[PDB]
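Chemist: As input, take start_33.pdb (PDB, C-alpha atoms and all ligand atoms):
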```
ATOM      1  CA  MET A   1       1.930 -49.006 -49.384
ATOM      2  CA  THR A   2       4.947 -50.847 -48.013
ATOM      3  CA  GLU A   3       4.901 -51.921 -44.353
ATOM      4  CA  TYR A   4       8.028 -50.831 -42.491
ATOM      5  CA  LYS A   5       8.715 -52.655 -39.236
ATOM      6  CA  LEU A   6      10.282 -50.344 -36.639
ATOM      7  CA  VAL A   7      11.715 -51.312 -33.245
ATOM      8  CA  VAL A   8      12.278 -48.731 -30.494
ATOM      9  CA  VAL A   9      15.246 -49.282 -28.163
ATOM     10  CA  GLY A  10      16.597 -47.398 -25.161
ATOM     11  CA  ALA A  11      16.941 -47.266 -21.391
ATOM     12  CA  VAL A  12      14.110 -46.960 -18.882
ATOM     13  CA  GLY A  13      13.255 -43.327 -18.266
ATOM     14  CA  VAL A  14      13.739 -42.004 -21.793
ATOM     15  CA  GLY A  15      10.041 -42.430 -22.468
ATOM     16  CA  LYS A  16       9.983 -44.520 -25.624
ATOM     17  CA  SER A  17       6.210 -44.929 -25.552
ATOM     18  CA  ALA A  18       5.849 -41.204 -24.859
ATOM     19  CA  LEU A  19       7.821 -40.536 -28.041
ATOM     20  CA  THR A  20       5.431 -42.778 -29.951
ATOM     21  CA  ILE A  21       2.195 -41.295 -28.593
ATOM     22  CA  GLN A  22       3.520 -37.800 -29.342
ATOM     23  CA  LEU A  23       3.871 -38.883 -32.980
ATOM     24  CA  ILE A  24       0.924 -41.231 -33.520
ATOM     25  CA  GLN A  25      -1.998 -39.365 -31.949
ATOM     26  CA  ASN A  26       0.234 -36.424 -31.028
ATOM     27  CA  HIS A  27      -0.193 -36.540 -27.250
ATOM     28  CA  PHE A  28       2.279 -36.313 -24.366
ATOM     29  CA  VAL A  29       2.167 -38.472 -21.247
ATOM     30  CA  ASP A  30       4.087 -37.841 -18.008
ATOM     31  CA  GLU A  31       3.321 -41.205 -16.405
ATOM     32  CA  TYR A  32       5.436 -44.242 -17.253
ATOM     33  CA  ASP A  33       4.051 -47.646 -18.208
ATOM     34  CA  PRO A  34       6.103 -50.852 -18.751
ATOM     35  CA  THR A  35       5.298 -51.889 -22.314
ATOM     36  CA  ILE A  36       5.806 -55.382 -23.747
ATOM     37  CA  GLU A  37       4.390 -55.770 -27.256
ATOM     38  CA  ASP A  38       2.094 -53.608 -29.359
ATOM     39  CA  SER A  39       2.036 -51.941 -32.765
ATOM     40  CA  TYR A  40       1.728 -48.242 -33.461
ATOM     41  CA  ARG A  41       0.808 -48.868 -37.072
ATOM     42  CA  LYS A  42       0.207 -45.500 -38.696
ATOM     43  CA  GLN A  43       0.548 -44.380 -42.308
ATOM     44  CA  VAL A  44       2.949 -41.520 -43.019
ATOM     45  CA  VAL A  45       3.417 -39.536 -46.234
ATOM     46  CA  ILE A  46       7.128 -39.529 -47.033
ATOM     47  CA  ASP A  47       8.545 -38.107 -50.277
ATOM     48  CA  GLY A  48       4.995 -38.094 -51.591
ATOM     49  CA  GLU A  49       4.551 -41.805 -50.885
ATOM     50  CA  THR A  50       2.233 -42.907 -48.080
ATOM     51  CA  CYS A  51       3.953 -45.763 -46.257
ATOM     52  CA  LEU A  52       2.809 -47.801 -43.250
ATOM     53  CA  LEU A  53       5.036 -47.545 -40.209
ATOM     54  CA  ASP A  54       4.830 -50.462 -37.777
ATOM     55  CA  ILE A  55       6.465 -48.951 -34.703
ATOM     56  CA  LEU A  56       6.895 -51.522 -31.952
ATOM     57  CA  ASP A  57       7.908 -50.327 -28.493
ATOM     58  CA  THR A  58       9.931 -53.142 -26.972
ATOM     59  CA  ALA A  59      10.353 -53.802 -23.266
ATOM     60  CA  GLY A  60      13.171 -51.802 -21.722
ATOM     61  CA  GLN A  61      13.510 -54.432 -19.025
ATOM     62  CA  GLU A  62      15.956 -57.292 -19.529
ATOM     63  CA  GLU A  63      13.453 -60.070 -18.873
ATOM     64  CA  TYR A  64      12.615 -61.184 -22.412
ATOM     65  CA  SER A  65      15.990 -62.127 -23.927
ATOM     66  CA  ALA A  66      14.376 -65.146 -25.590
ATOM     67  CA  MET A  67      11.566 -63.177 -27.231
ATOM     68  CA  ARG A  68      14.027 -60.370 -27.987
ATOM     69  CA  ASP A  69      16.531 -62.546 -29.870
ATOM     70  CA  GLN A  70      13.605 -64.345 -31.519
ATOM     71  CA  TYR A  71      12.129 -61.943 -34.070
ATOM     72  CA  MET A  72      15.015 -59.457 -33.802
ATOM     73  CA  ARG A  73      15.878 -60.542 -37.349
ATOM     74  CA  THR A  74      12.623 -58.919 -38.462
ATOM     75  CA  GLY A  75      13.703 -55.592 -36.981
ATOM     76  CA  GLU A  76      13.926 -53.345 -40.023
ATOM     77  CA  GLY A  77      14.017 -49.807 -38.667
ATOM     78  CA  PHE A  78      15.749 -49.579 -35.311
ATOM     79  CA  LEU A  79      14.814 -46.497 -33.310
ATOM     80  CA  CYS A  80      17.788 -45.732 -31.101
ATOM     81  CA  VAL A  81      16.932 -42.652 -29.067
ATOM     82  CA  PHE A  82      18.991 -41.571 -26.071
ATOM     83  CA  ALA A  83      18.508 -38.860 -23.462
ATOM     84  CA  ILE A  84      20.930 -36.336 -21.975
ATOM     85  CA  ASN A  85      19.440 -37.000 -18.542
ATOM     86  CA  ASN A  86      21.531 -40.163 -18.353
ATOM     87  CA  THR A  87      25.115 -40.422 -19.575
ATOM     88  CA  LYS A  88      24.968 -44.227 -19.473
ATOM     89  CA  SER A  89      22.637 -44.113 -22.472
ATOM     90  CA  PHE A  90      25.698 -43.008 -24.447
ATOM     91  CA  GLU A  91      27.455 -46.253 -23.492
ATOM     92  CA  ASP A  92      24.385 -48.473 -23.924
ATOM     93  CA  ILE A  93      24.565 -47.613 -27.630
ATOM     94  CA  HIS A  94      27.580 -49.893 -28.085
ATOM     95  CA  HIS A  95      25.745 -52.710 -26.313
ATOM     96  CA  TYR A  96      22.798 -52.321 -28.664
ATOM     97  CA  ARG A  97      25.124 -52.105 -31.677
ATOM     98  CA  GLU A  98      26.738 -55.453 -30.898
ATOM     99  CA  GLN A  99      23.317 -56.993 -30.299
ATOM    100  CA  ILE A 100      21.815 -55.639 -33.526
ATOM    101  CA  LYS A 101      24.798 -56.295 -35.821
ATOM    102  CA  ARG A 102      25.015 -59.858 -34.493
ATOM    103  CA  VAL A 103      21.441 -60.691 -35.511
ATOM    104  CA  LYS A 104      21.478 -58.468 -38.605
ATOM    105  CA  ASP A 105      24.515 -60.314 -40.013
ATOM    106  CA  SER A 106      25.517 -57.057 -41.692
ATOM    107  CA  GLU A 107      27.605 -54.006 -40.827
ATOM    108  CA  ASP A 108      25.627 -51.799 -43.188
ATOM    109  CA  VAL A 109      22.304 -50.660 -41.774
ATOM    110  CA  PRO A 110      20.224 -47.502 -42.432
ATOM    111  CA  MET A 111      19.990 -45.936 -38.996
ATOM    112  CA  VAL A 112      20.290 -42.483 -37.432
ATOM    113  CA  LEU A 113      21.371 -41.210 -34.031
ATOM    114  CA  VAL A 114      18.750 -39.052 -32.357
ATOM    115  CA  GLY A 115      19.077 -37.334 -29.018
ATOM    116  CA  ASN A 116      15.915 -36.372 -27.169
ATOM    117  CA  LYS A 117      14.993 -34.549 -23.945
ATOM    118  CA  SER A 118      16.402 -31.262 -25.254
ATOM    119  CA  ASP A 119      13.896 -29.515 -22.993
ATOM    120  CA  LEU A 120      16.008 -30.439 -19.982
ATOM    121  CA  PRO A 121      18.583 -27.927 -18.606
ATOM    122  CA  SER A 122      20.948 -30.802 -17.770
ATOM    123  CA  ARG A 123      23.121 -31.805 -20.720
ATOM    124  CA  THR A 124      25.492 -34.617 -19.759
ATOM    125  CA  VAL A 125      26.308 -35.190 -23.442
ATOM    126  CA  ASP A 126      27.507 -32.474 -25.836
ATOM    127  CA  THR A 127      26.855 -32.192 -29.574
ATOM    128  CA  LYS A 128      30.496 -32.673 -30.640
ATOM    129  CA  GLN A 129      30.903 -35.966 -28.792
ATOM    130  CA  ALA A 130      27.439 -37.093 -29.897
ATOM    131  CA  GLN A 131      28.226 -36.490 -33.567
ATOM    132  CA  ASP A 132      31.675 -38.030 -33.108
ATOM    133  CA  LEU A 133      30.348 -41.396 -31.956
ATOM    134  CA  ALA A 134      27.696 -41.266 -34.684
ATOM    135  CA  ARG A 135      30.398 -40.814 -37.320
ATOM    136  CA  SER A 136      32.278 -43.849 -36.002
ATOM    137  CA  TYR A 137      29.095 -45.825 -36.643
ATOM    138  CA  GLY A 138      28.540 -44.204 -40.022
ATOM    139  CA  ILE A 139      25.180 -42.795 -38.991
ATOM    140  CA  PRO A 140      23.879 -39.178 -38.998
ATOM    141  CA  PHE A 141      23.111 -37.453 -35.687
ATOM    142  CA  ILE A 142      19.964 -35.339 -35.259
ATOM    143  CA  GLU A 143      18.592 -33.482 -32.233
ATOM    144  CA  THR A 144      14.978 -34.174 -31.289
ATOM    145  CA  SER A 145      12.670 -32.598 -28.729
ATOM    146  CA  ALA A 146       9.420 -34.552 -28.359
ATOM    147  CA  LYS A 147       8.171 -32.391 -25.472
ATOM    148  CA  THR A 148       7.970 -29.314 -27.696
ATOM    149  CA  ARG A 149       7.555 -31.289 -30.936
ATOM    150  CA  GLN A 150      10.782 -30.078 -32.552
ATOM    151  CA  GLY A 151      12.962 -31.981 -35.007
ATOM    152  CA  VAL A 152      10.461 -34.833 -35.059
ATOM    153  CA  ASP A 153       9.540 -34.487 -38.743
ATOM    154  CA  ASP A 154      13.080 -33.510 -39.725
ATOM    155  CA  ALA A 155      14.617 -36.646 -38.195
ATOM    156  CA  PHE A 156      11.874 -38.945 -39.484
ATOM    157  CA  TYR A 157      12.012 -37.705 -43.088
ATOM    158  CA  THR A 158      15.778 -38.189 -43.345
ATOM    159  CA  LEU A 159      15.563 -41.659 -41.763
ATOM    160  CA  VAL A 160      13.204 -42.994 -44.437
ATOM    161  CA  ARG A 161      15.465 -41.535 -47.122
ATOM    162  CA  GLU A 162      18.384 -43.498 -45.655
ATOM    163  CA  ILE A 163      16.407 -46.756 -45.539
ATOM    164  CA  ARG A 164      15.261 -46.457 -49.161
ATOM    165  CA  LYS A 165      18.903 -45.788 -50.066
ATOM    166  CA  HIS A 166      19.922 -49.134 -48.577
ATOM    167  CA  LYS A 167      17.006 -50.947 -50.198
ATOM    168  CA  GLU A 168      17.373 -49.644 -53.761
TER     169      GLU A 168
HETATM  170  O1  LIG A 201       0.353 -56.402 -33.374
HETATM  171  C1  LIG A 201       1.532 -56.326 -33.718
HETATM  172  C2  LIG A 201       2.633 -56.409 -32.662
HETATM  173  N1  LIG A 201       3.894 -55.859 -33.179
HETATM  174  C3  LIG A 201       4.213 -56.525 -34.449
HETATM  175  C4  LIG A 201       5.647 -56.188 -34.868
HETATM  176  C5  LIG A 201       6.587 -57.092 -35.131
HETATM  177  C6  LIG A 201       7.692 -56.422 -35.447
HETATM  178  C7  LIG A 201       8.964 -56.837 -35.806
HETATM  179  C8  LIG A 201       9.950 -55.896 -36.084
HETATM  180  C9  LIG A 201       9.655 -54.540 -36.010
HETATM  181  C10 LIG A 201       8.375 -54.125 -35.652
HETATM  182  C11 LIG A 201       7.395 -55.068 -35.375
HETATM  183  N2  LIG A 201       6.120 -54.955 -35.011
HETATM  184  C12 LIG A 201       3.247 -56.044 -35.527
HETATM  185  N3  LIG A 201       1.838 -56.160 -35.075
END
```
Is it possible to express this structure as structure tokens?
Ligand SMILES: O=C1CN[C@H](c2cc3ccccc3[nH]2)CN1
Modeler:
Amino acid sequence: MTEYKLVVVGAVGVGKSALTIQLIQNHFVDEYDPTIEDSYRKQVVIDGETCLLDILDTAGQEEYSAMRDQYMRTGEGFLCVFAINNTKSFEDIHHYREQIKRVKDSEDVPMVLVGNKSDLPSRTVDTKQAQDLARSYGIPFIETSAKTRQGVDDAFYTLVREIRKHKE
């Protein structure tokens, strides 16, 4: 069982921790709580192989730049999830890209673009534009709805396949 280190990134309001709880113990929370450092270490069966996923929900607040740039080199699987409730999240992607690539020292990284909050009637970002920006990054775009548990498995299964492709 290989341990995969995952780092969740995104703006405040997207509910990163909520997305984790809905996957780990499969529970949804409406309340928001400022997370700092933890480890949602759960084993998942992918392609018939049970792997250990070390999902770490990082602080969405810009008050730990030192700690952030510290072990950012250990960030294997970056979880970039954006919401349609905020259009700025579509711009924040570029900021994250420059931050990640800089510490990764590589332009090639197994990552996917997932859009959540598809249970909201307000769509500030369309599918065409979403896929377009994803293509410019060389990453696949998938729609995910944590609230109704849709596309969660689909997006996760493909992600692992991409990572293994980069590894071997
Ligand atoms: O108790 C803990 C706290 N989080 C640690 C962690 C470090 C790390 C680096 C990169 C991606 C995910 C990561 N998770 C693991 N165990």
Chemist: What residues have any atom no more than 9 Å from ligand LIG 201 (chain A) when counting only C-alpha atoms and all ligand atoms, and can you list them as a list in words?
Modeler: residues 4, 5, 6, 7, 8, 37, 38, 39, 40, 41, 53, 54, 55, 56, 57, 58, 71, 72, 73, 74, 75, 76, 77 and 78 of chain A
Chemist: Could you list, as a list in words, every residue within 12 Å of residue 101 (chain A), counting all atoms listed in the file and ignoring same-chain residues fewer than 2 positions away?
Modeler: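 The neighbour list is residues 69, 72, 73, 75, 78, 93, 94, 95, 96, 97, 98, 99, 103, 104, 105, 106, 107, 108, 109, 110, 111 and 137 of chain A.
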Chemist: Please list as JSON, numbers by chain every residue within 12 Å of residue 125 (chain A), counting all atoms listed in the file and excluding residues in the same chain fewer than 6 positions away.
Modeler: {"A": [82, 83, 84, 85, 86, 87, 88, 89, 90, 91, 115, 116, 117, 118, 131, 132, 133, 143]}
Chemist: Which of these, A:67, A:159, A:146, A:36, has the shortest distance to residue 112 (chain A) once you count only C-alpha atoms?
Modeler: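 Ranking A:67, A:159, A:146, A:36 by distance to residue 112 (chain A), first place goes to A:159.
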Chemist: Find the distance between CA of residue 152 (chain A) and CA of residue 49 (chain A) and write it in Å to one decimal.
Modeler: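 Distance reported for this atom pair: 18.3 Å.
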Chemist: Mind pulling up the distance from CA of residue 16 (chain A) to CA of residue 148 (chain A)?
Modeler: 15.5 Å
Chemist: Could you tell me which of A:29, A:59, A:52, A:19 comes closest to residue 2 (chain A) if we count all atoms listed in the file?
Modeler: A:52
Chemist: Can you work out the spacing between CA of residue 47 (chain A) and CA of residue 158 (chain A) in Å, to one decimal?
Modeler: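 Separation between CA of residue 47 (chain A) and CA of residue 158 (chain A): 10.0 Å.
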Chemist: Do you know which residues the PyMOL selection byres (((chain A and resi 30) around 9) and not hetatm) returns on this file, as a PyMOL selection string?
Modeler: chain A and resi 15+18+28-29+31-32
